[PDB]
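Before any comments, here is the structure.
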Amino acid sequence: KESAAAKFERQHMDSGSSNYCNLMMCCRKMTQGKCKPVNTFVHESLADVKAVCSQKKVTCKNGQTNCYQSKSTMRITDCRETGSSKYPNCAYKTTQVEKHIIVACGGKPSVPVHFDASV
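Residue numbers (mature numbering (1 follows the signal peptide of the UniProt record, and there is no 0)): 1 to 16, 22 to 124.
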């Protein structure tokens with residue numbers, strides 16, 4: 001069983022092409038069983054992303070208060086299923102942007118366990 005912290009790294013970290026999302030959503034296993042409809046990858050170092058857990062506190066989309074917003078914008082790529090996508094033939098639109106990220110943090114040490122939003 002993968003931990004929540006490990007799952008966050010697999011689904012969202014790509015520390016560092023129109024087909025980017027199609028390749029990554031597949032390699033990171035987000036097209037198994039169903040096409041995850043939307044996902045965001047973050048291209049900053051794992052350390053900079055983990056540091057968000059000690060940055061600005063904000064409320065989570067689900068109402069929990071263990072969420073944090075990055076002090077700076079970060080380089081991210083949003084992957085969104087296209088209208089033609091249909092499991093098991095998933096298809097995604099790749100959009101690169103620079104936005105702040107909001108993540109839920111948990112565990113000891115407190116690390117990101119859920120990508121909540123980009124703002």
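Don't be surprised by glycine CBs; every beta carbon is placed ideally from N, CA and C.
Cα-Cα separation between residue i and residue j, rounded to whole angstroms
{"i": "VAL47", "j": "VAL124", "result": "13 Å"}
{"i": "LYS62", "j": "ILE106", "result": "12 Å"}
{"i": "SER89", "j": "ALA96", "result": "7 Å"}
{"i": "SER59", "j": "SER50", "result": "15 Å"}
{"i": "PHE8", "j": "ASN94", "result": "24 Å"}
{"i": "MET35", "j": "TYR73", "result": "24 Å"}
{"i": "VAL118", "j": "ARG33", "result": "16 Å"}
{"i": "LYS1", "j": "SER22", "result": "33 Å"}
{"i": "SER15", "j": "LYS55", "result": "12 Å"}
{"i": "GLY38", "j": "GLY68", "result": "28 Å"}
{"i": "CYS110", "j": "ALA5", "result": "9 Å"}
{"i": "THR70", "j": "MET30", "result": "29 Å"}
{"i": "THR45", "j": "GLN101", "result": "10 Å"}
{"i": "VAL57", "j": "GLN11", "result": "17 Å"}
{"i": "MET79", "j": "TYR92", "result": "31 Å"}
Residue i (DSSP reduced to helix, strand or coil)
{"i": "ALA6", "result": "helix"}
{"i": "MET35", "result": "coil"}
{"i": "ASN44", "result": "strand"}
{"i": "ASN67", "result": "coil"}
{"i": "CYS26", "result": "helix"}
{"i": "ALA96", "result": "coil"}
{"i": "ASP14", "result": "coil"}
{"i": "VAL124", "result": "coil"}
Spatial neighbours of residue i in its chain, beta-carbon cut-off 6 Å, leaving aside the 5 residues before and after
{"i": "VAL43", "result": "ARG85"}
Residues that residue i bridges to, as DSSP identifies them
{"i": "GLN101", "result": "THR82"}
{"i": "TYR73", "result": "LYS62 and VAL108"}
{"i": "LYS91", "result": "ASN94"}
Cutoff 7 Å; reference residue i; Cβ partners in own chain excluding five residues on either side
{"i": "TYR25", "result": "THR82 and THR99"}
{"i": "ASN27", "result": "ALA96 and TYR97"}
Nonlocal neighbours in the same chain, by C-beta distance under 8 Å from residue i, ignoring five residues either side
{"i": "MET13", "result": "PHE46, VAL47, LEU51 and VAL54"}
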